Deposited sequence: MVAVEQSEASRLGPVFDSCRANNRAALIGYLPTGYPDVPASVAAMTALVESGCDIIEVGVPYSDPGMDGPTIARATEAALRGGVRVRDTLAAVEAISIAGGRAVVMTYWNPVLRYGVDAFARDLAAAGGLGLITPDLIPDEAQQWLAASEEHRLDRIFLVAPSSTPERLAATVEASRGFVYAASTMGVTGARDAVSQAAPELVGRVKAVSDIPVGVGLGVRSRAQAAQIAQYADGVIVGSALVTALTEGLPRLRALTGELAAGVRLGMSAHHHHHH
């Protein structure tokens, strides 16, 4: 049986391009506006949406997204708002996964959250502070509810841990990061054919193009939050520039 995000990358590889993967946090600047912006991402060329659950202590988030999630939590954003954002993206014909720190999921209930996310049209889950070593409940709920599980690898990942993390993944494996990123993608592709997305502080078409040379997916987060802060039209402009970048010909 195939992963939920499988056919998306197949279609992209057929059209000689990478999948454009866009991140936006729920509730920034408020819940309606963020849903409007996530909908605009679907309308502007985003193949996959990363719906971020704002967390009070986001260790892996850079300053741009940290300030956005702080603002979203001040506005009273809830975990259920992320489920509603996913329903909106499904209705708009998009494809949404959820990026979340693990404690909100534990609080919600791991099986309950997988069930409700799947019902909401969600396709998978990106877990930046959940390593395979702690993912027993998640792997069972991932299979029970047919959700993709996107773990992260890093440049410093040991050969043993990298293979284990790739073997535990489904959909794509998130390669987070001079030449470190392509070398990391090379190591993943040396052991598996799973799609690899690359996050690299992308903020221009040219950068998106470089990553599409070796990666199956280009992940853009900080730059979209910055563009959204300026306004919805700027976000549409930027996303179109990025959709052009992932396309090689």
Deposited sequence positions missing from the model - stretches, numbered from 1, in order: 1-7, 185-195, 268-276
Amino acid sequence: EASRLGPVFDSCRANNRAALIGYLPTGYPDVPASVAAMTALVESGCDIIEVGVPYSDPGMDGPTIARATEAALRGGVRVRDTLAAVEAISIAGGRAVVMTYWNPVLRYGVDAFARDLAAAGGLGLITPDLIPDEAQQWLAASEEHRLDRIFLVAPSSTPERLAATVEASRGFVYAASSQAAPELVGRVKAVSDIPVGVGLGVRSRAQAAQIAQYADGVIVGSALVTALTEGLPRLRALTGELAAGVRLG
From here on, numbers count along this sequence of modelled residues.
Between the two ranges 7-15 and 225-233, the one averaging a larger CA B factor in the entry: 7-15
Stretch with the greater mean C-alpha B-factor as recorded in the entry, comparing 123-131 against 139-147: 139-147
Top residue by Cα temperature factor, when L200, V35, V196, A68 are compared in the entry: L200
Member of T165, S90, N103, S157 with the greatest C-alpha B factor (per the PDB record): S90
CA B-factor placement of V53, once the chain's modelled residues are sorted into thirds: lowest
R107 - Cα temperature factor, lowest/middle/highest third of chain: middle
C46 by Cα B-factor - lowest, middle or highest third of the modelled chain: highest
Within-chain third of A206 by Cα B-factor, per the entry: lowest
Where the record places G217 (Cα B-factor, split into thirds across the chain): middle
